[PDB]
Structure formats: C-alpha cells, structure tokens
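Q: Sharing a structure, written as structure tokens. Questions coming.
Structural data, given as structure tokens:
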C-alpha cells in the first residue's frame, strides 16, 4: 500500500505529489510536478544567470504541470499538455517509484527536451513508465528558449547561454534535493534528443557542469549540430536590436531596452529571428566545443551516442518547409540547387561540386537525386557530428554508439513508404508511448524493442554500461568502430558511414579550411 498524495522535502519547503499506475507493472509511481529550481527570470533577472528559488510556507501543490517557457506557439500534430506559455518557466518534474523514499539510492535520469533551443517543454515527457519499469528516478527539466534563452551582446552586459545556465541550475538543484525523492546524487545520467542531445553534449564538455552528472546519452544531437553553437552572434544581436527598435550599438543600452519589453513584444521579436545560437560565452563554454572535444585534458563521462537511419526523411523537411523544394530537384537544376544549399549551409561556394560528386556522382534519376540530397543533409546535421563527438570521447571514456533503424508499423499508411526511422522516432521506445495526436499501437516486436531500449538506458544509468544478461550484446566503441543497430532484431555493425565520414573530415573540410586561410 503506497501513499496517495505523498509529501516530500525540498530545500525550499515541502511538496505534495500524486500516485499513478502504468501498464505492464504492479509498481506505482509518485509524481511531483512544477517544482521551481530557480527564481522566475523576470525584470532585472532577464538575460541574467539563474538565481536560487524562494522558500515557501506549508505544502506546495505538485499535481499540476508548469507553464512552458516563452515560445511562438505554432501538419505533424503532437499531444501537447494544456499548459500556458510564460517567462516564469524554470520548473522541473519528478517521477519516482512509489516505494522510493529518502535514502532509496535509485539512479536518476534527467531528460533535456529538444525543440531547436526555441521550443519545447518538460510536460510532454511522462517519465512514469521508465521510472516504474526500470526502477529509477526520472526528472524532466525546463530552460529558457529563444531570445530569452540565448540573446548575447558578446560582452559583459549579456554574455549569453541563459538556457544552458538554467540547465546547470536544475542539475545543481538535483544534487541538493534528489535524495529526498529516493535518488542517488552520485548516479545522475543526463539524456536528451536533438537540441536536448546538443544540450547533453554541451554539458559533457563544459567545466561548469563537472560533477553534476556521471553519464550522458545523446540521441540524434550533439554539440557539433550545425549552428546551434557558434563563436559569436553579432549579426543576430544586430537583427534583434533592429527588430526591437532599441537600435543602439551600445551593449548596456541594448540590454536595458530589451529588459523593458513585455512578453508579447518578446514573442513578436522571437518569431522574426527564428534561430538564435549559443555562443562561446566564456563561462559555460571557455572555448568552442570543437576545441574542448579535441583537447588532451578532456575527461568525458561514459556516454551513449546515436542517430536514426533517416533523420531528414520526413519531419524535418516538412517542418522547415523544404519538402516541396526537394521534390523539385532534377539533374537540370542540381548545380543551382547545390549552390543555393551551400550558401544556406554557410559553406564556401566551391563545396557544391565536391558535394555533387560525392553524393550524386553521375546519377540522372530525379527521385534518386532527391534521396542523395536528403542523405547529404542527414550526414551534415546528425550523422557526421555524432561520429566526430564519438571519436573524440571514446579514447577517454566508454562510448556506446547506436543507429536506430526501426520503421514504426502504425505509421506506414500515415507517411511516405520510403521513410525509415525518422527524426525523433526512437523517443516512443525510450518513454514507452507515442507522442502524436492520433491513436497508434505498438506491435509485439515494438513492445520488446521498447523494453530493450528502456533496459539498455537504465543499465547505463546504473553502471555506465548498457549490457545485461538477456539483452543483445552492445559492444563499446573503440578502434574497431562498432555500434549497435537498434531494431526488432538488434545486430552489431561497424564503421557507420565510413565513406561519408572520410569525405567530410578530409575532402570537404580541406576546402573549408583552405578558403578560411584565404582571409589575410
């Protein structure tokens, strides 16, 4: 008989949660929602580091989801929870086994959501099933997004990376508080998908995050994900200044002015400057992640890193609106399309012909050209970044690498048949339910796949190693370059995308380097 309405202690006071139950297990789950880990980043706290949360008297209600951080709300439809959007959004949610109490010393898994550092929320991710089935504490965190998350002057007035500093604050909170919920602060694994994977990968290299986590899982996203992290964002800073009317070239003034804008004014600005990058701010990143990764003094935690076999298959080109443009590619327009794409990817114009020879060769068939084009995009955004980060980590600590390959059965009549494992298609297997706003069921094979992935992730949360008796062997990535192919029947592979990896890290980067050296 577990308690309904459990009460737990935090440093700031008591919180009351709920008892829930899930399929496939006797075990109950306690949930504690909307726990503040920082003060509301409002007024003078906008574009400033997070500060400690305020204490409260009596028992805080932990039965409602928090507001999502400010984001432009707005095909492919998701089951969004009924929450408001607000600047006041520095909250986290906790899922524990019902039997967990002070001192239970369960592993802790901390989910960092994706959404391009401009969108997303913790409340879409229900950790109950993962918590109950694999006997661990699951925390989902929020962090500032868009202008509020990443605005930078390149100087002391707004260094940048507010959203990453929020993630640090949430991890500090977990160290201080998770024992009260039955977690072991010395067994924290961070995990996340897409920009959440970029976030995890960013913590792995950041000196500010050392000691806050002991293992990392990066799903379809790492710190090299093109243009989420840059040196400086002077162009974007200038754009925000113009779009706001502040329009000073004094940093202090710009920040003063932006702090005056209402939530509505911020949303309006945010909409017109869709993507604001993380910068080398000096604190969270002393150097660009690329330099941190290549360092001899780099000491990563053990990691799982992986990608899906079709990252640019469907969801991403549909959401970016480039699906239509891609269907218009033919041999006649290929050169022009590649020239246009090279520019948009911020690569030297000379790269277009190398990309063409590598990805398309002498292909004439229009549909084949389009698939080759999609391959080039997958490799640039996800696969090559992941393989590079894996290469830099694996000489210092265990890396377990995966390619997820499973084509979801219930989607076969929902989307093009050539699409395999799309971006985000592994999330249902990790969490144990589907995120789309439509009635979809797991096949028997898919239930087994989900149970396997939950166990791999939890084994890794327990021991820094995903393997256990009963599960297919997942070898560590070493000089043999082995990885696990995740599907209904898992299998080991080796040297994922070997040819493409050589192309990007020799031929293409040679031309990038050469045309950068021609600065003078």
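Residue numbers (mature numbering (1 follows the signal peptide of the UniProt record, and there is no 0)): 3 to 76, 80 to 525.
Don't be surprised by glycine CBs; every beta carbon is placed ideally from N, CA and C.
If we ignore side chains and look at the alpha-carbon of each, how far apart do residue 481 and residue 401 end up?
A: 12 Å
Q: Can you check whether the CB of residue 359 is closer than 8 Å to the CB of residue 381?
A: no
Q: Taking the alpha-carbon positions, what's the residue 458 to residue 474 distance?
A: Approximately 14 Å between the Cα atoms of the pair.
Q: Where do the ends of the beta strand (DSSP E) carrying residue 111 lie?
A: 111-117
Q: Quick one: Cα of residue 119 to Cα of residue 131, how far?
A: 15 Å
Q: In whole angstroms, what separates the C-alpha of residue 167 from that of residue 44?
A: 12 Å
Q: Taking the Cβ atom as the reference point for each residue, do residue 35 and residue 13 lie within a distance shorter than 8 Å?
A: Against a cut-off of 8 Å, the Cβ pair of residue 13 and residue 35 comes out as no contact.
Q: Could you give the C-beta distance for residue 343 and residue 374, rounded to a whole number, given that I count them as a contact under 8 Å?
A: Their Cβ separation, rounded to whole angstroms, is 10 Å, which puts residue 343 and residue 374 out of contact at 8 Å.
Q: If you run the structure through DSSP and keep just helix, strand and coil, what is residue 34?
A: The answer is strand: DSSP assigns residue 34 an E or B state.
Q: Run through the DSSP bridge pairs and tell me what residue 91 is partnered with.
A: 71
Q: Can you give the Cα-Cα distance for residue 46 and residue 260, rounded to whole angstroms?
A: Answer to the nearest angstrom: the Cα atoms are 10 Å apart.
Q: Is the beta carbon of residue 248 sitting closer than 8 Å to the one on residue 277?
A: When the beta-carbon positions are compared, residue 248 and residue 277 come within less than 8 Å of each other.
Q: Taking the straight line between their C-alpha atoms, what separation do you get for residue 224 and residue 92?
A: 27 Å
Q: Measure the alpha-carbon distance for residue 507 versus residue 396 and round it to whole angstroms.
A: 13 Å
Q: DSSP three-state call for residue 496: helix, strand or coil?
A: Judged by DSSP in its simplified three-state form, residue 496 adopts strand.
Q: May I have the straight-line CA-CA distance separating residue 430 from residue 81, to the nearest angstrom?
A: 13 Å
Q: Determine the DSSP secondary structure at residue 20, reduced to helix, strand or coil.
A: strand
Q: Just to confirm before moving on: does the CB-CB distance between residue 96 and residue 8 stay below 8 Å?
A: no
Q: So if DSSP puts residue 244 in a beta bridge, which residue, or which two residues, is it bridged to?
A: Residue 244 is not bridged to any residue.
Q: Looking at residue 434 and residue 455, is the spacing between their C-beta atoms short of 8 Å?
A: yes
Q: For residue 490, which residues in the same chain have their Cβ closer than 6 Å to its Cβ, ignoring the five residues on either side in sequence?
A: Counting only Cβ-Cβ distances below 6 Å, and skipping sequence neighbours, we find 408, 410, 496 and 498.
Q: Checking the sheet assignment: what are the DSSP bridge partners for residue 142?
A: 113
Q: Classify residue 504: buried if its beta carbon has 16 or more other beta carbons within 10 angstroms, exposed otherwise.
A: Here residue 504 is exposed, its C-beta having fewer than 16 other C-beta atoms within 10 Å.
Q: Keeping to the same chain, check which residues put their C-beta closer than 7 Å to that of residue 158; ignore five residues upstream and five downstream.
A: 242, 256, 259 and 260
Q: Classify residue 428: buried if its beta carbon has 16 or more other beta carbons within 10 angstroms, exposed otherwise.
A: buried
Q: With the cut-off set at 8 Å, would you say residue 172 and residue 94 are in Cβ contact?
A: no
Q: Please say whether residue 334 and residue 509 have beta carbons closer to each other than 8 Å?
A: no
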